[PDB]
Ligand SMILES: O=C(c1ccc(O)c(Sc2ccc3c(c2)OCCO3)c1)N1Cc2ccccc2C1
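Just the one chain here, laid out as structure tokens, in the form deposited without the named molecule.
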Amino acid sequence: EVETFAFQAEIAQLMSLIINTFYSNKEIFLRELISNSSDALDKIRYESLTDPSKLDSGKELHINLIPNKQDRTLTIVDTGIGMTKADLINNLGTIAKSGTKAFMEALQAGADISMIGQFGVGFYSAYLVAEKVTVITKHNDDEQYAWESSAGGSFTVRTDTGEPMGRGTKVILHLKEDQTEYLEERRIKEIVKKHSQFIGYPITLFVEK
């Protein structure tokens, strides 16, 4: 059972701007997604401070980076708080409408796309390098869901029947044909060292056969 939704007009405009603007510094997508994962891990850690049972779905707080050259996917996995179905539909738990408004005013006033994260809509920087993005997520208060969009004004949400995750979020980037450098081990390490050196959770870069 697959539900198809239209993006709010402002969010469709944001993804069009990300996809169509000439902007060479695409590597910041990874910083933005890792920062999102850190934020989600902060949230479940804070909740566990007064209620330890919130970690019954998994005690480890970490971030894994999983490149797959056969599938041409880069997957960012975290064991953070996750998102409910309502969160997914409401722009993946962001205030994307007012964030897009502020971001686009900043762009016409000196800013560049690399500062997208200061406006709370850094997730959509995934479309700098991905033709399609799948988000698998599991929140303690809801079931496991899959969100997916190839932009173009719509996204889908369905119940996920894949591997159960316990708790957290998995962002699967289906990379553009000319963006496969972000599957290379040395390129990912360089980006993590450059932009994510002070993230307070272990980041594990998986290797391939």
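Only the largest set of C-alpha atoms that superpose within 1.5 Å between the two forms is called the rigid core. Only residues modelled in both forms are compared. We number the residues from 1 along the sequence you see.
When the C-alpha B-factors of 155-163 and 180-188 are averaged, 155-163 comes out higher.
96-104 and 70-78 differ in mean CA B-factor, and the higher of the two is recorded for 96-104. Looking at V133, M83, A111, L128, the one whose CA carries the top B-factor in the deposited record is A111. Of all the options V2, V207, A6, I203, the entry's greatest CA B-factor is assigned to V2.
Residue-level temperature factors show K43 in the middle third of its chain, judged at the C-alpha atom. In the deposited entry, the Cα temperature factor of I89 places it in the middle third of its chain's modelled residues. Ranked within its chain, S53 lands in the highest third, by CA B factor from the PDB record. Among the modelled residues of its chain, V121 has a C-alpha B-factor that falls in the lowest third according to the deposited record.
For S24, the recorded CA B-factor ranks within the middle third of the chain. Only modelled residues enter the ranking.
If you look for the form deposited with the named molecule bound, you will not find it shown, but the lines that follow are about it.
Site check by superimposition: the named molecule, modelled from its position in the deposited bound form, clashes with the backbone and C-beta atoms of this form, with 3 or more atoms inside 2.4 Å, and the site reads as blocked. Contact between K54 and the named molecule in the deposited bound form is not found at the 4.5 Å heavy atom cutoff.
The closest non-hydrogen atom of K43 lies within 4.5 Å of the named molecule in the deposited bound form. Among residues of the shown chain, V171 is one whose heavy atoms approach the named molecule to within 4.5 Å in the deposited bound form.
Heavy atoms of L88 reach within 4.5 Å of the named molecule in the deposited bound form, making it an interface residue.
Looking at 107-142, the residues that come within 4.5 Å of the named molecule in the deposited bound form, counting any heavy atom, are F123, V135, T137. With the core held fixed by superposition, the comparison between this form and the one not shown singles out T94 as the only member of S114, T75, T94, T84 whose CA moves by at least 2 angstroms. Relative to the shown form, the CA atoms of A12 and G93 are brought 3 Å or more closer together in the deposited bound form. With a change of no less than 3 Å, the CA-CA distance between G93 and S16 is smaller in the deposited bound form than in the form shown. Fitting the two forms on their rigid core shows CA movement of 2 Å or more between this form and the one not shown over just one run of at least three residues, at 90-94.
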